[PDB]
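S.K.: Mind looking over this structure? Questions follow.
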Amino acid sequence: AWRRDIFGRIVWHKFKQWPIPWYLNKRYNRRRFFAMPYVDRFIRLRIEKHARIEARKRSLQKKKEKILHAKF
Amino acid sequence: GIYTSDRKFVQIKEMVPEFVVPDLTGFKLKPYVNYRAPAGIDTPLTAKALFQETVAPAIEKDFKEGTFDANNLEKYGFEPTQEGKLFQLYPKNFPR
Amino acid sequence: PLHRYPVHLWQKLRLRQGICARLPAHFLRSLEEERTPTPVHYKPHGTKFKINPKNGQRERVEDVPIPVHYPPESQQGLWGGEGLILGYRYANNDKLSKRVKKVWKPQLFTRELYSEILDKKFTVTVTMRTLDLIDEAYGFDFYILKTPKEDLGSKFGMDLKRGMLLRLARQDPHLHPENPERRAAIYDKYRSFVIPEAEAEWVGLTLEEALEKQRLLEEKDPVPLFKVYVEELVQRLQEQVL
Amino acid sequence: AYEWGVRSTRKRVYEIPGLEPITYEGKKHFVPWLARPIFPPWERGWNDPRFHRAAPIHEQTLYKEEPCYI
Amino acid sequence: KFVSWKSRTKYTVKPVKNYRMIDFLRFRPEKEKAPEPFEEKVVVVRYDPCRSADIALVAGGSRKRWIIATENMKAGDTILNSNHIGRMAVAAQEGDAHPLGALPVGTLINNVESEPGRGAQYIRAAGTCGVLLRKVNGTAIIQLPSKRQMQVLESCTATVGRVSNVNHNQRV
Amino acid sequence: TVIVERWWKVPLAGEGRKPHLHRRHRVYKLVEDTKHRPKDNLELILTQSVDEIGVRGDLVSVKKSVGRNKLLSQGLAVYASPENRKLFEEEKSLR
RNA sequence: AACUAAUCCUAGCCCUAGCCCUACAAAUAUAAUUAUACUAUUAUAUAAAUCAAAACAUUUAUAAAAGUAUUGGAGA
RNA sequence: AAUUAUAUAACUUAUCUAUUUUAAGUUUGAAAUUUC
């Protein structure tokens with residue numbers, strides 16, 4: 001199933017077979033599938049980082065384009 | 001195996017894999033194939049293809065005859081549960 | 001770059017797309033609609049005009065609502081709009097005097113009220129204003145149902161409203177068990193608040209609860225593709241027979 | 001000071017009738033923002049000696065009111 | 001996550017890795033006895049690492065239990081523990097547990113309990129002795145080491161005599 | 001109940017804007033607080049008998065918490081809702 | 001005409017514009033990345049100060065009307 | 001030190017509680033201002 005990690009990302013969680021149920025498994029309950037409140041700042045950074053990646057990519061293409069004009 | 005009390009190893013026969021080795025006598029398939037043999041275009045099998053090849057003819061004949069009902073869906077190959085089979089399709093409980 | 005939509009519009013986009021769009025319209029309307037709470041500690045300005053000091057001319061005036069802090073304990077109780085006011089005070093009500101940090105605490109109490117709809121007596125944190133409001137509402141059950149969420153100012157009261165609304169909606173025999181005749185009177189007495197069952201379920205639900213509820217509603221066991229093909233094959237064959 | 005009682009200990013939604021509160025049982029994992037589900041007793045399908053508990057003496061068939069001193 | 005170190009399941013008089021489990025409820029009815037006055041023998045006066053005063057092993061019937069030692073307890077002494085409120089003065093042997101009703105005014109006492117059944121909590125330190133200031137009917141006045149004079153029911157148990165190391169308060 | 005008013009007027013933000021609060025706008029004047037005052041009067045019906053404040057069955061106006069802390073808490077008084085009020089008068093009519 | 005060295009142009013970047021966003025297996029929060037039970041499971045109060053007032057104390061920004069008026073150790 | 005010192009804390013009155021016939025004073029001082 002799809003589950004949210006402590007970092008706020010959504011990732012497919014592969015279920016594991018256990019001899020005991022989840023509610024009786026303290027260690028499985030100890031595993032964290034919840035995101036902390038401070039992750040909101042990180043979420044904004046992730047969106048900004050994605051935009052930054054696109055901006056940097058355009059700069060990389062521009063440098064390649066310079067030689068294309070110079071060569072041709 | 002399982003380690004019991006007193007730090008003693010106790011091998012479990014059930015958990016020890018048994019290698020099922022096929023009989024290769026009379027088997028004509030070998031590691032390599034002829035260059036004379038034309039290459040095969042990949043046509044992966046799908047649920048639609050499997051259903052069409054095997055299940056469709058049975059239902060088609062039965063539907064025209066009118067002998068179709070929900071209770072007989074298993075007759076055409078539906079499995080209500082995967083329990084009882086050594087190899088369970090989902091959840092996968094068998095190794096390669 | 002720069003975000004085309006401001007941060008406040010980001011929430012709107014989520015509400016308009018995804019599982020939020022699939023949420024029931026009645027619940028969405030309840031979430032979307034906002035009703036101002038009834039003033040309790042602040043009154044509107046008596047006069048609508050005053051002399052502007054800077055230009056020496058008469059000018060329109062505005063009302064500044066007093067800041068009031070409502071602790072979460074109020075959401076677990078039934079407060080009549082009262083809340084903790086945190087701020088500064090000037091002794092003797094003259095600005096020339098010393099400023100003292102003061103936290104003003106309304107007198108809080110825990111008392112028991114009988115609910116006809118639920119046929120049970122609930123002991124809850126309450127204030128004197130709520131008790132008067134209950135009398136003004138013509139009963140504790142009426143007060144919960146009649147009062148809006150903002151004026152009610154209680155999550156538990158909304159929880160009571162959800163149960164009361166659902167109970168009235170369903171005509172559930174659970175009301176006043178073994179007294180069917182008494183049950184009818186209560187439903188007739190609170191007939192005004194009868195609503196569809198679906199709407200009553202979502203009354204007072206939190207956003208996290210609502211999202212989980214919709215997820216639970218929309219989650220369905222995967223369809224065996226054998227069944228899907230069987231129905232498709234039968235449907236196509238049936239059409240051919242026609 | 002002699003302590004009576006172990007010294008170690010020394011220094012709403014559910015109430016609604018006709019509706020069921022949502023719980024993280026569907027999530028299959030604990031989350032603080034959801035109500036704790038009500039779990040029926042678990043059945044392992046087999047008896048584990050490591051987790052087995054001996055029955056009380058009185059429930060034993062061989063239990064006798066008279067005390068036998070050994 | 002905090003578990004007290006005094007977590008031994010079974011009360012024992014053998015030193016425990018050593019610490020000896022003390023008993024401050026003097027009149028605990030012992031095995032093979034009715035809830036009536038019973039007598040005990042001071043087996044040995046040992047040293048308690050965790051308490052300033054020295055503990056004397058008091059043994060009676062089928063039960064052996066450590067207790068705080070008074071000023072004159074020595075090995076082989078006889079200690080009586082009575083619940084009955086004596087019509088006349090009850091024979092007083094230092095270290096015996098008797099109701100305050102039985103004892104006469106002026107007798108030095110220790111290991112007293114503020115309330116009946118509370119157990120010994122005061123006058124357990126070295127050289128501490130409680131004076132029975134006054135006695136009236138079912139009420140008595142017990143002076144605790146804190147200098148607080150309190151009035152308690154005669155049912156409260158008090159141990160006669162001062163605590164060991166009689167010169168603890170006189171230490172220079 | 002507590003009532004407070006800002007000492008310093010907040011500059012008008014116009015028809016459709018929010019004024020920006022400042023430190024001097026954060027100091028407030030207490031026009032009236034029930035805590036400093038003695039308890040205000042409250043209307044209640046005595047459901048029992050209390051010393052020298054009347055007898056059961058009368059309607060008395062008493063200070064809010066003095067009545068609440070003593071009378072209502074002990075059960076001596078009760079709140080007069082319209083539903084029980086009409087029952088009371090009907091019961092009193094039969095009395 | 002010699003040694004040590006030097007020579008070069010793209011590696012890439014910067015700002016606006018435009019645009020929101022909705023980009024293998026196996027192992028893992030236990031001791032993270034340890035294929036099955038242990039042990040229940042959990043962030044955050046005005047942002048302050050520095051700084052300016054040549055120190056320091058209330059105080060110190062973070063379309064036109066208009067830098068007009070008021071406010072302010074009437075001073076920054 | 002001088003001068004104040006409704007931080008608090010106490011008492012008195014309110015306060016809030018029982019019964020029943022924090023605020024305002026004062027005091028300490030968290031401190032404040034200036035001088036030495």
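Following the order of the structure tokens, first chain is A, next is B, and so on, with residues numbered from 1 inside each chain and ligands from 1 in the order they appear.
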Please identify all polymer residues within 9 Å of region 39-49 of chain A, counting only C-alpha atoms (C1' of nucleotides), omitting same-chain residues fewer than 5 positions from it, and present them as a PyMOL selection string.
M.R.: (chain A and resi 6-9+54) or (chain C and resi 1) or (chain G and resi 21)
S.K.: Keeping only C-alpha atoms (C1' of nucleotides), write those residues as a PDB file, in the first residue's frame.
M.R.:
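Heads up, here's the output in result_11.pdb:
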ATOM      1  CA  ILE A   6       8.362  10.750   8.443  1.00  0.00           C
ATOM      2  CA  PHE A   7       9.733  12.993   5.670  1.00  0.00           C
ATOM      3  CA  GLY A   8       6.253  13.533   4.198  1.00  0.00           C
ATOM      4  CA  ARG A   9       6.972  11.627   0.983  1.00  0.00           C
ATOM      5  CA  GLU A  54      14.322  23.116 -14.037  1.00  0.00           C
TER       6      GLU A  54
ATOM      7  CA  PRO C   1      10.518  31.275 -10.234  1.00  0.00           C
TER       8      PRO C   1
ATOM      9  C1'   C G  21       2.856  22.511  -8.200  1.00  0.00           C
TER      10        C G  21
END
S.K.: Near residue 73 (chain F), within 12 Å and counting only C-alpha atoms (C1' of nucleotides), which residues show up once chain neighbours fewer than 3 positions away are dropped, as a PDB file with C-alpha atoms (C1' of nucleotides), in the first residue's frame?
M.R.:
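This went into result-v5.pdb:
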ATOM      1  CA  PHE C 109     -17.412  24.802  35.784  1.00  0.00           C
ATOM      2  CA  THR C 110     -18.285  21.154  35.128  1.00  0.00           C
ATOM      3  CA  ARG C 111     -21.989  20.308  35.304  1.00  0.00           C
ATOM      4  CA  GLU C 112     -24.413  17.632  34.134  1.00  0.00           C
TER       5      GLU C 112
ATOM      6  CA  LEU F  46     -34.419  26.353  45.106  1.00  0.00           C
ATOM      7  CA  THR F  47     -34.845  22.570  44.909  1.00  0.00           C
ATOM      8  CA  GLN F  48     -34.109  22.176  48.644  1.00  0.00           C
ATOM      9  CA  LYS F  64     -23.656  33.782  40.366  1.00  0.00           C
ATOM     10  CA  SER F  65     -21.074  31.593  42.108  1.00  0.00           C
ATOM     11  CA  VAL F  66     -22.350  32.093  45.668  1.00  0.00           C
ATOM     12  CA  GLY F  67     -25.552  30.418  44.532  1.00  0.00           C
ATOM     13  CA  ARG F  68     -23.671  28.033  42.251  1.00  0.00           C
ATOM     14  CA  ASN F  69     -20.869  27.099  44.650  1.00  0.00           C
ATOM     15  CA  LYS F  70     -23.233  26.584  47.615  1.00  0.00           C
ATOM     16  CA  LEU F  76     -30.286  23.063  46.732  1.00  0.00           C
ATOM     17  CA  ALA F  77     -31.045  25.105  43.594  1.00  0.00           C
ATOM     18  CA  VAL F  78     -31.730  24.243  39.952  1.00  0.00           C
ATOM     19  CA  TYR F  79     -31.794  26.075  36.635  1.00  0.00           C
TER      20      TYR F  79
ATOM     21  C1'   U H  17     -14.335  28.219  48.293  1.00  0.00           C
ATOM     22  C1'   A H  18     -16.949  26.441  52.438  1.00  0.00           C
TER      23        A H  18
END
S.K.: Under the rule of at most 12 Å, produce a per-residue listing of chain C near chain H: chain, number, name, the closest pair of atoms, and the distance in Å, as CSV, using only C-alpha atoms (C1' of nucleotides).
M.R.:
residue,atom,partner,partner_atom,distance
C:89,CA,H:23,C1',11.8
C:90,CA,H:6,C1',10.5
C:91,CA,H:6,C1',7.7
C:92,CA,H:24,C1',9.5
C:97,CA,H:6,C1',9.9
C:98,CA,H:6,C1',8.3
C:99,CA,H:6,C1',10.0
C:100,CA,H:6,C1',8.7
C:101,CA,H:7,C1',9.8
C:102,CA,H:22,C1',8.8
C:103,CA,H:22,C1',9.4
C:104,CA,H:22,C1',9.2
C:105,CA,H:22,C1',10.0
C:107,CA,H:16,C1',9.5
C:108,CA,H:16,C1',11.6
S.K.: Counting only C-alpha atoms (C1' of nucleotides), which of F:6, F:23, F:44, F:85 gets nearest to chain G?
M.R.: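 Result for the nearest residue to chain G: F:23.
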S.K.: What is the distance between CA of residue 64 (chain C) and CA of residue 44 (chain C), in Å to one decimal?
M.R.: 8.3 Å
S.K.: Can you check which parts of chain G lie within 12 Å of chain F? Per residue, the shortest pair of atoms and distance in Å to one decimal, counting only C-alpha atoms (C1' of nucleotides), sorted by chain and number, as CSV.
M.R.:
residue,atom,partner,partner_atom,distance
G:46,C1',F:23,CA,9.8
G:58,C1',F:24,CA,10.9
G:59,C1',F:23,CA,10.6
G:70,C1',F:11,CA,11.4
G:71,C1',F:24,CA,11.2
G:72,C1',F:24,CA,11.9
S.K.: Region 22-26 of chain G: which residues within 12 Å, counting only C-alpha atoms (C1' of nucleotides), same-chain residues fewer than 4 positions away excluded, as a ChimeraX atom specification?
M.R.: /A:14,46-47,50-51,53-54 /C:10,13-14,16-18 /G:33,35
S.K.: Can I get the selection written as a PDB file, in the first residue's frame, with N, CA and C atoms (P, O5', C5', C4', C3', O3' and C1' of nucleotides)?
M.R.:
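Below is the file again.pdb, written as the result:
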ATOM      1  N   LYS A  14       5.720  -2.154   0.862  1.00  0.00           N
ATOM      2  CA  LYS A  14       5.486  -3.574   0.642  1.00  0.00           C
ATOM      3  C   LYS A  14       5.195  -4.242   1.978  1.00  0.00           C
ATOM      4  N   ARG A  46      11.022  21.247  -1.238  1.00  0.00           N
ATOM      5  CA  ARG A  46      10.988  20.270  -2.322  1.00  0.00           C
ATOM      6  C   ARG A  46      10.383  20.871  -3.583  1.00  0.00           C
ATOM      7  N   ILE A  47       9.282  21.612  -3.441  1.00  0.00           N
ATOM      8  CA  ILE A  47       8.690  22.282  -4.595  1.00  0.00           C
ATOM      9  C   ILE A  47       9.661  23.308  -5.163  1.00  0.00           C
ATOM     10  N   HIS A  50      12.446  21.507  -6.970  1.00  0.00           N
ATOM     11  CA  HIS A  50      12.026  21.055  -8.292  1.00  0.00           C
ATOM     12  C   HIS A  50      12.071  22.198  -9.297  1.00  0.00           C
ATOM     13  N   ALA A  51      11.586  23.377  -8.904  1.00  0.00           N
ATOM     14  CA  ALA A  51      11.688  24.541  -9.776  1.00  0.00           C
ATOM     15  C   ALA A  51      13.144  24.914 -10.022  1.00  0.00           C
ATOM     16  N   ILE A  53      15.677  22.908 -10.062  1.00  0.00           N
ATOM     17  CA  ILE A  53      16.250  21.927 -10.978  1.00  0.00           C
ATOM     18  C   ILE A  53      15.935  22.304 -12.419  1.00  0.00           C
ATOM     19  N   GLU A  54      14.688  22.699 -12.687  1.00  0.00           N
ATOM     20  CA  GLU A  54      14.322  23.116 -14.037  1.00  0.00           C
ATOM     21  C   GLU A  54      15.112  24.345 -14.465  1.00  0.00           C
TER      22      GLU A  54
ATOM     23  N   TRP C  10      -3.295  27.720  -2.696  1.00  0.00           N
ATOM     24  CA  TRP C  10      -2.854  26.331  -2.783  1.00  0.00           C
ATOM     25  C   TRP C  10      -3.865  25.399  -2.131  1.00  0.00           C
ATOM     26  N   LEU C  13      -6.798  24.810  -4.413  1.00  0.00           N
ATOM     27  CA  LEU C  13      -6.529  23.866  -5.492  1.00  0.00           C
ATOM     28  C   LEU C  13      -6.686  22.428  -5.013  1.00  0.00           C
ATOM     29  N   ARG C  14      -6.163  22.117  -3.825  1.00  0.00           N
ATOM     30  CA  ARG C  14      -6.315  20.771  -3.285  1.00  0.00           C
ATOM     31  C   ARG C  14      -7.781  20.441  -3.038  1.00  0.00           C
ATOM     32  N   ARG C  16     -10.299  21.500  -4.658  1.00  0.00           N
ATOM     33  CA  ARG C  16     -10.988  21.364  -5.933  1.00  0.00           C
ATOM     34  C   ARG C  16     -10.532  20.153  -6.738  1.00  0.00           C
ATOM     35  N   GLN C  17      -9.486  19.454  -6.303  1.00  0.00           N
ATOM     36  CA  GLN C  17      -8.928  18.337  -7.050  1.00  0.00           C
ATOM     37  C   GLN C  17      -8.660  17.165  -6.119  1.00  0.00           C
ATOM     38  N   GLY C  18      -8.661  15.964  -6.693  1.00  0.00           N
ATOM     39  CA  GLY C  18      -8.326  14.776  -5.931  1.00  0.00           C
ATOM     40  C   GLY C  18      -9.493  14.265  -5.102  1.00  0.00           C
TER      41      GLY C  18
ATOM     42  P     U G  33      20.875  -0.242  10.160  1.00  0.00           P
ATOM     43  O5'   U G  33      20.429  -0.720   8.707  1.00  0.00           O
ATOM     44  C5'   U G  33      19.378  -1.662   8.537  1.00  0.00           C
ATOM     45  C4'   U G  33      18.788  -1.582   7.153  1.00  0.00           C
ATOM     46  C3'   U G  33      19.773  -1.723   6.002  1.00  0.00           C
ATOM     47  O3'   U G  33      20.079  -3.074   5.699  1.00  0.00           O
ATOM     48  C1'   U G  33      18.374   0.144   5.617  1.00  0.00           C
ATOM     49  P     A G  35      18.253  -9.490   6.970  1.00  0.00           P
ATOM     50  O5'   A G  35      16.711  -9.877   6.861  1.00  0.00           O
ATOM     51  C5'   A G  35      15.710  -8.870   6.881  1.00  0.00           C
ATOM     52  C4'   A G  35      14.354  -9.421   6.522  1.00  0.00           C
ATOM     53  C3'   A G  35      13.580 -10.083   7.651  1.00  0.00           C
ATOM     54  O3'   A G  35      12.920  -9.144   8.484  1.00  0.00           O
ATOM     55  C1'   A G  35      13.485 -11.439   5.707  1.00  0.00           C
TER      56        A G  35
END
S.K.: Can you pull out every residue from chain B that DSSP, working from the backbone, puts in alpha helix (DSSP H), and format the result as an MDAnalysis selection string?
M.R.: chainID B and resid 47:50 56:65
S.K.: For residue 34 (chain A), please output as a list in words all residues within 7 Å (counting only C-alpha atoms (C1' of nucleotides); exclusion window: fewer than 5 positions along the same chain).
M.R.: residues 4, 5 and 6 of chain A; 31 of chain D
S.K.: Between CA of residue 3 (chain D) and CA of residue 42 (chain E), what is the spacing in Å?
M.R.: 24.5 Å
S.K.: Measure the distance from CA of residue 23 (chain E) to CA of residue 75 (chain E) in Å and round it to one decimal.
M.R.: 18.2 Å
S.K.: So that I can check the surroundings of region 56-71 of chain A, please list as a PDB file with C-alpha atoms (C1' of nucleotides), in the first residue's frame every protein, DNA and RNA residue that reaches within 9 Å of it, counting only C-alpha atoms (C1' of nucleotides) and ignoring chain neighbours fewer than 6 positions away.
M.R.:
ATOM      1  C1'   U G  10      33.634  25.780 -22.836  1.00  0.00           C
ATOM      2  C1'   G G  12      29.475  26.127 -16.300  1.00  0.00           C
ATOM      3  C1'   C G  13      27.006  30.311 -14.023  1.00  0.00           C
TER       4        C G  13
END
S.K.: Please identify all residues of chain A having at least one atom at most 8 Å from any atom of chain G, considering only C-alpha atoms (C1' of nucleotides), and return them as number ranges by chain.
M.R.: A: 17-20, 25-27, 29-32, 36-38, 47, 59-60, 63
S.K.: Write the residues of the selection above to a file with C-alpha atoms, as a short mmCIF file (atom, residue, chain, number, x, y, z; two decimals), in the first residue's frame.
M.R.:
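Dumped everything to out.cif:
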data_model
loop_
_atom_site.label_atom_id
_atom_site.label_comp_id
_atom_site.auth_asym_id
_atom_site.auth_seq_id
_atom_site.Cartn_x
_atom_site.Cartn_y
_atom_site.Cartn_z
CA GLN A 17 3.99 -11.43 6.60
CA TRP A 18 4.03 -11.79 10.39
CA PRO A 19 2.81 -14.50 12.78
CA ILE A 20 1.19 -11.76 14.91
CA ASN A 25 3.30 -6.06 17.15
CA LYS A 26 4.80 -3.20 19.14
CA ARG A 27 7.90 -3.07 16.93
CA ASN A 29 3.79 0.02 15.64
CA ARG A 30 7.14 1.50 16.69
CA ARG A 31 7.94 1.91 13.00
CA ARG A 32 6.97 5.44 12.00
CA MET A 36 6.10 15.44 11.64
CA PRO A 37 4.74 19.01 11.58
CA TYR A 38 8.13 20.50 10.65
CA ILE A 47 8.69 22.28 -4.59
CA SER A 59 21.19 27.05 -17.93
CA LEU A 60 22.89 23.76 -18.84
CA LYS A 63 25.70 26.60 -22.52
#
S.K.: So that I can see what lies close to residue 29 (chain H), please list as a list in words the residues with an atom at most 10 Å from it, counting only C-alpha atoms (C1' of nucleotides) and leaving out residues fewer than 5 positions away in the same chain.
M.R.: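 Residues near the query, excluding close chain neighbours: residues 5, 7, 8 and 9 of chain H.
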S.K.: Next, dump the selected residues to file, keeping only N, CA and C atoms (P, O5', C5', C4', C3', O3' and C1' of nucleotides), as a PDB file, in the first residue's frame.
M.R.:
ATOM      1  P     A H   5       6.343  53.197  46.275  1.00  0.00           P
ATOM      2  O5'   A H   5       6.842  51.892  45.510  1.00  0.00           O
ATOM      3  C5'   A H   5       6.737  51.794  44.098  1.00  0.00           C
ATOM      4  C4'   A H   5       7.488  50.600  43.564  1.00  0.00           C
ATOM      5  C3'   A H   5       7.247  49.284  44.282  1.00  0.00           C
ATOM      6  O3'   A H   5       6.030  48.670  43.909  1.00  0.00           O
ATOM      7  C1'   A H   5       9.558  49.564  43.917  1.00  0.00           C
ATOM      8  P     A H   7       4.094  44.645  42.088  1.00  0.00           P
ATOM      9  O5'   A H   7       4.720  43.453  41.236  1.00  0.00           O
ATOM     10  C5'   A H   7       5.197  43.663  39.915  1.00  0.00           C
ATOM     11  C4'   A H   7       5.679  42.376  39.296  1.00  0.00           C
ATOM     12  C3'   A H   7       5.031  41.100  39.823  1.00  0.00           C
ATOM     13  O3'   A H   7       3.799  40.802  39.187  1.00  0.00           O
ATOM     14  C1'   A H   7       7.375  40.852  39.866  1.00  0.00           C
ATOM     15  P     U H   8       2.647  40.022  39.989  1.00  0.00           P
ATOM     16  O5'   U H   8       3.315  38.619  40.346  1.00  0.00           O
ATOM     17  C5'   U H   8       2.955  37.918  41.528  1.00  0.00           C
ATOM     18  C4'   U H   8       4.142  37.203  42.123  1.00  0.00           C
ATOM     19  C3'   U H   8       3.950  36.661  43.534  1.00  0.00           C
ATOM     20  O3'   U H   8       3.342  35.380  43.556  1.00  0.00           O
ATOM     21  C1'   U H   8       5.935  37.931  43.455  1.00  0.00           C
ATOM     22  P     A H   9       2.028  35.119  44.443  1.00  0.00           P
ATOM     23  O5'   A H   9       2.565  35.150  45.942  1.00  0.00           O
ATOM     24  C5'   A H   9       3.484  34.173  46.411  1.00  0.00           C
ATOM     25  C4'   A H   9       4.255  34.676  47.604  1.00  0.00           C
ATOM     26  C3'   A H   9       3.424  35.022  48.832  1.00  0.00           C
ATOM     27  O3'   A H   9       3.160  33.886  49.640  1.00  0.00           O
ATOM     28  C1'   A H   9       4.905  36.805  48.351  1.00  0.00           C
TER      29        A H   9
END
S.K.: Would you list which chain C residues are within 8 Å of chain G using only C-alpha atoms (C1' of nucleotides), as a ChimeraX atom specification?
M.R.: /C:1-5,53-55
S.K.: Can you tell me which residues surround residue 17 (chain F) at a distance of at most 12 Å, considering only C-alpha atoms (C1' of nucleotides), apart from same-chain residues fewer than 4 positions away, and format the answer as a JSON list (two decimals) with N, CA, C and O atoms, in the first residue's frame?
M.R.:
[["chain", "number", "residue", "atom", "x", "y", "z"],
["C", 62, "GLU", "N", -14.22, 51.97, 11.72],
["C", 62, "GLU", "CA", -14.21, 50.52, 11.59],
["C", 62, "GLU", "C", -14.21, 49.88, 12.97],
["C", 62, "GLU", "O", -13.86, 50.52, 13.97],
["C", 64, "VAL", "N", -12.86, 46.79, 15.43],
["C", 64, "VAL", "CA", -11.76, 45.86, 15.65],
["C", 64, "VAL", "C", -12.23, 44.83, 16.67],
["C", 64, "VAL", "O", -12.42, 45.17, 17.85],
["F", 11, "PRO", "N", -4.90, 52.22, 13.62],
["F", 11, "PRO", "CA", -5.20, 53.03, 12.43],
["F", 11, "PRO", "C", -6.10, 52.28, 11.46],
["F", 11, "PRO", "O", -5.95, 51.07, 11.24],
["F", 12, "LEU", "N", -7.06, 53.00, 10.89],
["F", 12, "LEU", "CA", -8.01, 52.39, 9.97],
["F", 12, "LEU", "C", -7.28, 51.87, 8.74],
["F", 12, "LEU", "O", -6.42, 52.55, 8.17],
["F", 13, "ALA", "N", -7.63, 50.65, 8.32],
["F", 13, "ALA", "CA", -7.02, 50.02, 7.16],
["F", 13, "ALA", "C", -7.81, 50.25, 5.88],
["F", 13, "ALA", "O", -7.37, 49.81, 4.81]]
S.K.: I'd like to know which residues of chain B are strand (DSSP E) (by DSSP, run on the backbone); could you write them as an MDAnalysis selection string?
M.R.: chainID B and resid 2:4 8:10
S.K.: Would you export the selected residues with N, CA, C and O atoms as a CSV table (one decimal), in the first residue's frame, please?
M.R.:
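Wrote part.csv, looks like this:
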chain,number,residue,atom,x,y,z
B,2,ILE,N,15.9,-23.1,13.5
B,2,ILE,CA,15.5,-22.3,14.7
B,2,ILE,C,16.4,-22.5,15.8
B,2,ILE,O,16.8,-23.7,16.1
B,3,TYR,N,16.9,-21.5,16.5
B,3,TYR,CA,17.7,-21.6,17.7
B,3,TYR,C,16.8,-21.6,18.9
B,3,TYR,O,16.1,-20.7,19.2
B,4,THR,N,16.8,-22.8,19.6
B,4,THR,CA,16.0,-23.0,20.8
B,4,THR,C,16.8,-22.4,22.0
B,4,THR,O,17.8,-21.8,21.9
B,8,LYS,N,21.2,-23.5,21.4
B,8,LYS,CA,21.3,-24.8,20.7
B,8,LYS,C,20.6,-24.6,19.4
B,8,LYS,O,19.4,-24.3,19.3
B,9,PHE,N,21.2,-24.9,18.3
B,9,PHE,CA,20.6,-24.8,16.9
B,9,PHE,C,19.8,-26.1,16.7
B,9,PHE,O,20.2,-27.2,17.0
B,10,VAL,N,18.6,-25.9,16.2
B,10,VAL,CA,17.6,-27.0,15.9
B,10,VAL,C,17.2,-26.8,14.4
B,10,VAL,O,16.3,-25.9,14.2
S.K.: Enumerate, in order of chain and increasing residue number, the residues of chain F with an atom no farther than 6 Å from chain C, each with its shortest atom pair and distance in Å to one decimal, counting only C-alpha atoms, as CSV.
M.R.:
residue,atom,partner,partner_atom,distance
F:1,CA,C:106,CA,5.6
F:3,CA,C:41,CA,5.4
F:27,CA,C:88,CA,4.9
F:28,CA,C:89,CA,5.6
F:29,CA,C:89,CA,5.6
F:81,CA,C:135,CA,4.6
F:82,CA,C:138,CA,5.9
